[PDB]
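Protein chains in written order, with PDB author numbering: chain D, 1 to 172; chain B, 1 to 172; chain H, 1 to 172; chain M, 1 to 273; chain G, 1 to 162; chain C, 1 to 162; chain a, 1 to 162; chain E, 1 to 162; chain A, 1 to 73. Think of the CB as a built atom: it goes at the ideal place given N, C-alpha and C, for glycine as much as any other residue. Notes follow once the structure below has been shown.
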Amino acid sequence: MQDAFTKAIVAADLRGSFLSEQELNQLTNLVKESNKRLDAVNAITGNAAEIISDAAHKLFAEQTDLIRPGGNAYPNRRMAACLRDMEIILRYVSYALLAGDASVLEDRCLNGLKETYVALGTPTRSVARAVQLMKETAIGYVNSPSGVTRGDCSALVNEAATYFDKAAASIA
Amino acid sequence: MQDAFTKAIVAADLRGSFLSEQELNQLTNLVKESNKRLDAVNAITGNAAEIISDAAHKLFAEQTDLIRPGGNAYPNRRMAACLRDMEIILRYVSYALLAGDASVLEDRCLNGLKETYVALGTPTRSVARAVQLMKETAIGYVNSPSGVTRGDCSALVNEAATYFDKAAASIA
Amino acid sequence: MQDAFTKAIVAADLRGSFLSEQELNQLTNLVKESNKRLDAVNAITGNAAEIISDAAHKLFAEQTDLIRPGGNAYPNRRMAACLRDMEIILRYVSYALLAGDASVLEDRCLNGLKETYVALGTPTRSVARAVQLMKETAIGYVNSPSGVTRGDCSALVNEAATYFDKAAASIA
Amino acid sequence: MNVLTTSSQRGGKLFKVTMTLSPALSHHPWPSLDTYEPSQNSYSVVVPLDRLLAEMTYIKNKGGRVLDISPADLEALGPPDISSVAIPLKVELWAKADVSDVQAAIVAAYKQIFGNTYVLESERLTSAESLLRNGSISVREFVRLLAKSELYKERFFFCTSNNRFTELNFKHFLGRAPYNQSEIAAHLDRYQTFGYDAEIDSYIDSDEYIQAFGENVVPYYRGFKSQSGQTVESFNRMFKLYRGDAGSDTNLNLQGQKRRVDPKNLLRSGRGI
Amino acid sequence: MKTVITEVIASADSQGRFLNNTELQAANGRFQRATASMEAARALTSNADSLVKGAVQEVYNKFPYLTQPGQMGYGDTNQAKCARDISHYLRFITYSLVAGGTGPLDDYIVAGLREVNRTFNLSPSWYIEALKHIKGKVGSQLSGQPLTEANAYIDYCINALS
Amino acid sequence: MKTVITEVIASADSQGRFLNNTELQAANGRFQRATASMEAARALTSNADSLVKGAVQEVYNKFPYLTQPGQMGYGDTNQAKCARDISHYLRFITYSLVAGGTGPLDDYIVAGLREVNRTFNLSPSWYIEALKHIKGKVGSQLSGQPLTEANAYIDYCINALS
Amino acid sequence: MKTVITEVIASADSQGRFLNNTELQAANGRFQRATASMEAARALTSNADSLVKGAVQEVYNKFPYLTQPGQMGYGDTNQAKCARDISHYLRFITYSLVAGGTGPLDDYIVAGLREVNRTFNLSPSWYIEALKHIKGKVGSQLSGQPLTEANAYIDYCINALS
Amino acid sequence: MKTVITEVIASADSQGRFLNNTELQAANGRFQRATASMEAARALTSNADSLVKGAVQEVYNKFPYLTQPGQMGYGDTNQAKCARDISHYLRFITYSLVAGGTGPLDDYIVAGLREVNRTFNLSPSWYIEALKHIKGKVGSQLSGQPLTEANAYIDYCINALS
Amino acid sequence: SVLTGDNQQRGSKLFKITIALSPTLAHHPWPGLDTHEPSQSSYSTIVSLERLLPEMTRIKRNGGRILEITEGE
Ligand SMILES: *[C@H](C)[C@H]1/C(=C/c2[nH]c(/C=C3N=C(/C=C4\NC(=O)C(CC)=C4C)C(C)=C\3CCC(=O)O)c(CCC(=O)O)c2C)NC(=O)[C@@H]1C
Ligand SMILES: *[C@H](C)[C@H]1/C(=C/c2[nH]c(/C=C3N=C(/C=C4\NC(=O)C(CC)=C4C)C(C)=C\3CCC(=O)O)c(CCC(=O)O)c2C)NC(=O)[C@@H]1C
Ligand SMILES: *[C@H](C)[C@H]1/C(=C/c2[nH]c(/C=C3N=C(/C=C4\NC(=O)C(CC)=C4C)C(C)=C\3CCC(=O)O)c(CCC(=O)O)c2C)NC(=O)[C@@H]1C
Ligand SMILES: *[C@H](C)[C@H]1/C(=C/c2[nH]c(/C=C3N=C(/C=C4\NC(=O)C(CC)=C4C)C(C)=C\3CCC(=O)O)c(CCC(=O)O)c2C)NC(=O)[C@@H]1C
Ligand SMILES: *[C@H](C)[C@H]1/C(=C/c2[nH]c(/C=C3N=C(/C=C4\NC(=O)C(CC)=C4C)C(C)=C\3CCC(=O)O)c(CCC(=O)O)c2C)NC(=O)[C@@H]1C
Ligand SMILES: *[C@H](C)[C@H]1/C(=C/c2[nH]c(/C=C3N=C(/C=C4\NC(=O)C(CC)=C4C)C(C)=C\3CCC(=O)O)c(CCC(=O)O)c2C)NC(=O)[C@@H]1C
Ligand SMILES: *[C@H](C)[C@H]1/C(=C/c2[nH]c(/C=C3N=C(/C=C4\NC(=O)C(CC)=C4C)C(C)=C\3CCC(=O)O)c(CCC(=O)O)c2C)NC(=O)[C@@H]1C
Ligand SMILES: *[C@H](C)[C@H]1/C(=C/c2[nH]c(/C=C3N=C(/C=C4\NC(=O)C(CC)=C4C)C(C)=C\3CCC(=O)O)c(CCC(=O)O)c2C)NC(=O)[C@@H]1C
Ligand SMILES: *[C@H](C)[C@H]1/C(=C/c2[nH]c(/C=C3N=C(/C=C4\NC(=O)C(CC)=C4C)C(C)=C\3CCC(=O)O)c(CCC(=O)O)c2C)NC(=O)[C@@H]1C
Ligand SMILES: *[C@H](C)[C@H]1/C(=C/c2[nH]c(/C=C3N=C(/C=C4\NC(=O)C(CC)=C4C)C(C)=C\3CCC(=O)O)c(CCC(=O)O)c2C)NC(=O)[C@@H]1C
Ligand SMILES: *[C@H](C)[C@H]1/C(=C/c2[nH]c(/C=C3N=C(/C=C4\NC(=O)C(CC)=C4C)C(C)=C\3CCC(=O)O)c(CCC(=O)O)c2C)NC(=O)[C@@H]1C
Ligand SMILES: *[C@H](C)[C@H]1/C(=C/c2[nH]c(/C=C3N=C(/C=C4\NC(=O)C(CC)=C4C)C(C)=C\3CCC(=O)O)c(CCC(=O)O)c2C)NC(=O)[C@@H]1C
């Protein structure tokens, strides 16, 4: 697997060189943000259940047909699958967020997912919508916690977004 | 597994010594007999089917109850097993005969056979009997071939016997 | 599995009670020693290869016969095993040392070890000896390191001993 | 599709391109809206290296998009020989096994359990080997330790998706390929709730295991030869899952862990649930 | 039982390798954090009771009908149980903080949670409120990292329950 | 590549569960340590060369016969290689410090070490000395935790080599 | 133990089939060869000692520094060992010739060779020379097939060692 | 296909090792025997026909009723088949001799023998006689090892049939 | 089979089960009626409490019956 640190290493390796001082300073600062980074993750994990629950409600309100007989979410078993899928995507996203790298996410979570959905007949599009729905709710928590020292999380927030979006895109 | 040669080696090893000249002369002569040895084996294998067929007939003529309802060779299913077993034992015996050593026979075939038979309720006695019946028939062939160079096979014949007997004994 | 903390918990659980303040103070102080604890472990792991190498040399100088034909450490194959085993035991001991609890060591490693050794014909006595030889060498490093803040490690050193000894005893 | 010549009359490596056709790219000469013909939704042409650039751009500039490109030498190659997997071979570990016989079961177990994937000396597992050969562990139990090992998770499970890891498991633990989406779905769910250890157990625990290569027989390739309750497609799947000898399952290759068995093929053999 | 320390051992063990620097780093993390964790536990342990009363109570306000006759909230036995239960959860939460892992929670509370609750018709919802109410109170007695820790664990249950 | 961060993800992933408090604790550990680790790397990176010269050299003192004609140490090509090699090990060690795990070391250096060395008849011993000599020098430029870290990793190789 | 005879039995046994012509053909091959093999063994057995002396010696010429104090070749104990070892290899080689398979070699010498050698820092190289020197001497006392056989086995070890 | 040569390769291959002395010994066996084997084949090939006639015939003597109308032996078609078959059996036996293994026999004749025979109600017995009668004739044209070989293979089928 | 150490890497309380063995449970890879090994009519395997239920159920449906259960330790 890979993450922010490891990555930079690898790059350096192919040049055949010790790390640039400049490059260290990327990592040095990355460290400093850790604490912020962590809390971000913590927030997602803490609210997981909810995030999904929420997103689902909205997805079904929008695309009524999903829950109608003949739709992809019907019946129960299919509905359960749809909920399960949302969780899986989320879980990975979180992982990435901690790593500070998309890779992990791109590998197990998404590589191949789109094709599966097409064969199944689940509308890749609808799933993508849900991924976004999730995104927004999630950010909601990341960005509005309680008992944390107040400061700027934007940097992290955006990176979070990106992860969600890579997801949305590759699925779609 | 083990055989005549390997064995002698192992012994020698524990003493920590080169092979004694005396000991070589066992193996040297063993080689010389090879050709005879081989033909012996060949004779069994060639006649296998028959050997068994024969032995069985005789076994069942003697112990009529085995094939009666309530006996151990009834019904078909069981009968089949019983035939199969006889064969196996034979197979091993042959193996040994070639190796020039009981081991293979004892380890992969005989060991624990008795107890199995007991647990099942198979009468070990009868099994043993069958083995002998086989023995006699087998020797019959080993000892009376056609188109082989005429000579004395006794030495081999006896060793053959012994193998059969170890079988009979351990089963019984 | 188990370790110092978890253990105390479990005890508390059966009484059905919150942890006593007294009991917390065991753990509180245990924490404080952490740093010492860690370095101890680090020292073993760092020197692992050597520890063994050393112990072995001494073991074989003493019990010459192990390496003689007919002995238990001969031939190569066996020797290899014997080295491997020593290492394993070590590995576990270390684990315990970190956990702050014998359990892990007893359950994963020691349990059934004696009987194995017996069945094989491995002389348990000698095994035990080796474990001690290791012990002494190991302590050697734990207690004489480089770059570490000077202070008292005794407490840890003794606990280390105990682990080694449980090993020695149960094997023996 | 089959390509009939590897190289153009003028020297030039032919490449086989596959595209999703679009109405603009080819259309019937009828009145009314332009339609391509349905049977050629995925069209394939073989182009020399020289025309490849222009051909690909034209495809993309229209609504087309390139499913994949592949050298025509690799394509237009024999389907893998099944000689070695038609009759697997089969290894039994007897009780009171010789030093050598235990070795030979260990090797066989690595080869089957890990795909032709190579296992380095540092990767190999002394501890689980140690248990076999003094008794205490079955062949079946050793196999369960391998599929619990990190080495196994690193290759097959941590890089690829669960949907691929499933078939990848079906191959290693049972010769068979997967048959019907139902199977893939059940494993995915079991993994979500029970987790990775339970999933692994469920293959070794399952009745096909034990009914075949029950205990103390290293698992061997059952597929490629007709099995009970095995859809025919499954036999073709096996040809996708198993490419040759000295073909592996590698995380190491470019985009290493993809799905050999297209999800639409599974749905053919049985769709429902 | 899953704690930081147990896990790294486990991972090391599976690999078949000595604990190297990688794992120790991790361990170190657990120990540094402990100081905060421990503090939180001392705080919960002390106010236990009061938290419990408040919670139980809350639940009833939230779900009045429970206290009506023929319901579950009704008749002292049930109330006693309800109390007990919440108290048990708190004890495990304190245990977890100290152990430095979800371990204790997982094994006592979480595993089998669903089926128990199904067979006895305990509605997760209830428990949840209890917890939430608690969380709110805890959000006064504690502050900074100590607080953060307390939350994490409390939540972990919410998520498991839901 | 095994670093603290990758591992906990892996473990979390296998069980099929969210990263909970347990793992974050571990992560935290890695980050706190980094400051020391990073320092050590800056120190090695700077003195690289000098360390290398000194090491290569040492080896020859230790094993005079290597420099004799018909041996491995003999003729510049080999010397060049010998230099190169030591530098590669150092580069991975610097990478490891920064990555906060043995990962980089394992994958580049360690895996396949034996067979390479066997087929080309490189004697582990040599490398070892190199390292030791290094360790000794490093034992001046560094101090406290930074030092400790440097050692850990250097050793880790000694053990792998032997 | 792997010899021709054991193997065919094994193969026969696995399939669950009687020894048929196929296997006997193989057997015939062995035992025909034996006459040459046996001869070779008688020759090695007799000159054992002398071969050993010569070998040990050789090694020292080849690697002078070994005999210097503080080295491995130095001090009688080590010399004794060195002798012992070479003698063991020879005994297994004689055993193999007679057994008519590599079996004896594999199980005593080869299996675990590497790790033993690693942990005690025995350099394969040495052994090799020993063998080579031997091979050279044997290349006088023997001739034709007997010789060929002797070589095969001697080499087999060279390859295993390297 | 199972021949001596293929097998040793297979065994070598499984263990993952080069062909060492062990296997070559075996191979040698196959080659030396071939001279006899080959001779036998030339003899059978030549007299084929005559053997076949004699056999078919025999069968009828042995089982008169077969030639009666409404039976299987009756009407030329069947006789033709009967001839064909025995000729096929003979051809496979000749093939095996040359290949130096049962291989050819196993794959063509033996595998699936039973079920074929069951579904078409071919009585093994018949074939057997054919073979036996053959064996008897062959027992004149051949002698010594050539003969021995011929027998082995002929029998191998008898056993498979029965 | 006497446990040389805790077999299972994943850790719970471990129990030693001894079973009478049907031919089905451990059929040999042989032609004709498959035969469980003679040497071990009674296989004996240590099992984690977690895997104990499955193992028993699978043993049950297969002919073989549990001779005796004993805690591994
Ligand atoms: C929910 C947001 C939307 C939705 C989901 C949905 N999925 C399925 C069925 C499956 N999903 C998968 C996909 C995966 N394979 C993997 O490896 C992973 C993890 C990386 C995933 C997520 C698979 C294999 C299936 C097949 C069956 C199963 O449950 O596993 C369904 C059920 C429909 C069907 O099975 O045909 C649904 C509903 N689709 C929607 O309608 C939502 C918008
Ligand atoms: C960002 C979305 C939100 C935010 C975060 C924020 N956090 C801190 C500081 C800390 N947060 C933690 C949390 C952890 N550290 C760990 O090791 C773990 C795992 C057990 C956690 C959960 C810690 C310890 C700190 C340091 C002390 C503190 O609480 O302040 C800050 C301060 C700035 C900085 O860290 O450089 C900030 C800004 N604040 C926001 O704006 C969001 C609510
Ligand atoms: C035949 C002469 C007598 C006889 C045989 C018989 N055996 C069984 C059952 C078994 N026999 C064996 C023997 C072996 N199995 C092996 O694997 C080996 C080689 C290593 C041997 C020699 C075994 C294991 C069984 C049990 C399982 C099986 O079905 O094979 C039966 C049937 C017992 C039953 O009740 O099913 C019989 C009849 N018993 C007689 O009646 C004959 C005198
Ligand atoms: C002994 C039970 C009966 C017997 C045997 C016998 N055989 C020979 C000689 C040979 N037998 C063989 C046979 C083989 N050699 C092989 O390599 C194989 C497998 C492919 C076989 C089966 C051979 C080749 C010989 C050598 C000479 C020959 O052509 O026969 C003898 C003669 C003594 C000797 O060993 O030289 C004997 C006595 N013959 C009997 O009458 C016994 C009842
Ligand atoms: C070395 C100091 C002594 C010695 C060791 C020795 N051990 C074996 C064989 C084994 N030892 C073990 C040990 C373990 N099994 C486990 O599960 C664990 C704990 C988790 C350990 C450490 C086992 C399993 C075996 C059997 C399998 C194997 O090949 O190792 C031997 C070889 C026995 C043989 O004759 O083949 C030896 C030599 N014996 C000595 O001579 C030293 C005193
Ligand atoms: C005990 C056998 C010897 C000894 C130990 C000792 N260590 C310290 C202090 C520390 N040791 C460490 C080491 C680590 N902390 C980590 O997080 C890791 C893993 C990456 C390690 C290896 C640390 C950080 C400290 C604190 C700072 C320091 O090094 O001083 C002490 C000082 C007392 C204390 O408890 O802090 C001591 C005594 N010293 C000896 O003399 C013994 C031979
Ligand atoms: C209408 C009842 C339903 C429907 C049809 C629909 N089809 C398309 C697009 C295509 N349909 C075809 C069909 C054919 N092409 C052929 O040549 C033939 C006969 C030989 C058929 C039957 C094809 C190939 C296309 C794609 C390319 C093209 O335009 O020809 C659409 C539009 C799909 C799009 O997104 O472009 C639709 C809507 N779908 C419905 O909504 C109805 C249920
Ligand atoms: C060496 C001359 C060149 C080279 C080779 C190379 N190979 C790999 C990886 C693999 N190589 C194979 C090869 C085979 N698999 C087989 O089973 C057989 C025949 C039975 C062969 C020959 C396989 C399976 C792999 C994949 C698994 C593995 O980990 O090796 C690599 C490594 C690829 C990677 O990116 O990890 C290399 C380097 N490459 C060179 O540099 C030489 C020109
Ligand atoms: C409180 C919010 C509500 C309530 C609870 C209540 N619980 C039960 C019965 C049980 N509750 C539990 C819960 C636990 N027992 C444990 O050991 C653990 C793990 C530490 C937990 C979480 C259990 C197991 C039971 C079942 C039987 C028992 O005696 O434990 C009841 C009784 C319901 C019944 O007996 O059917 C009640 C009422 N009581 C209230 O007033 C609230 C609505
Ligand atoms: C220095 C102590 C001695 C020395 C070294 C030396 N090395 C080689 C050849 C190689 N060295 C390596 C080492 C590495 N290459 C890698 O890829 C890695 C991981 C980053 C390492 C550790 C390798 C692989 C080779 C072999 C291939 C190559 O050409 O690089 C030699 C040459 C020996 C030969 O060509 O057979 C030498 C001499 N030089 C000395 O004189 C010291 C005794
Ligand atoms: C001779 C070229 C050099 C030499 C050798 C030497 N060997 C050792 C120690 C061991 N050598 C072996 C080798 C074997 N023992 C066996 O039983 C077998 C298989 C049958 C072999 C090949 C082993 C196992 C050892 C380990 C301990 C032991 O002596 O049994 C040493 C001693 C090194 C030490 O300090 O332990 C030496 C010196 N002696 C020389 O002088 C040459 C350089
Ligand atoms: C001769 C002793 C008796 C006899 C034979 C006979 N055979 C068949 C039919 C078949 N014979 C075979 C045999 C083979 N064909 C092969 O390819 C091989 C393997 C190389 C063998 C051994 C087969 C396969 C058949 C079935 C298909 C076919 O039609 O050939 C018959 C006809 C049976 C029918 O129902 O059609 C007969 C009569 N005929 C005699 O007169 C003897 C009693």
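Ligand 9 heavy atom lying under 7 Å from the CB of residue i
i: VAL59 of chain G; result: yes
i: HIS187 of chain M; result: no
Any non-hydrogen atom of ligand 3 closer than 7 Å to residue i Cβ
i: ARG108 of chain B; result: yes
For residue j and residue i, believed in contact at Cβ under 8 Å, the rounded distance
i: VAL131 of chain B; j: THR124 of chain B; result: Between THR124 of chain B and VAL131 of chain B the Cβ distance is about 11 Å, and since that is not below 8 Å, they are no contact.
i: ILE67 of chain D; j: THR137 of chain D; result: Contact doesn't hold; Cβ gap of about 20 Å is too wide.
Residue i versus residue j - alpha carbon distance
i: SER126 of chain D; j: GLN63 of chain D; result: 8 Å
i: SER14 of chain G; j: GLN25 of chain a; result: 48 Å
i: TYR127 of chain G; j: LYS135 of chain G; result: 12 Å
i: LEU83 of chain D; j: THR3 of chain G; result: 29 Å
Residue i Cβ short of 7 Å to ligand 6 heavy atom set
i: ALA40 of chain H; result: yes
Checklist entry - Are the region 4-18 of chain M and the region 147-156 of chain H in contact at 8 Å, needing three or more beta carbon pairs? => result no
Checklist entry - Within the chosen definition, does the region 23-35 of chain M reach the region 73-90 of chain H through at least 3 CB pairs nearer than 8 Å? => result no
Checklist entry - Should the region 115-125 of chain C be regarded as contacting the region 33-46 of chain G, the criterion being three or more beta carbon pairs within less than 8 Å? => result no
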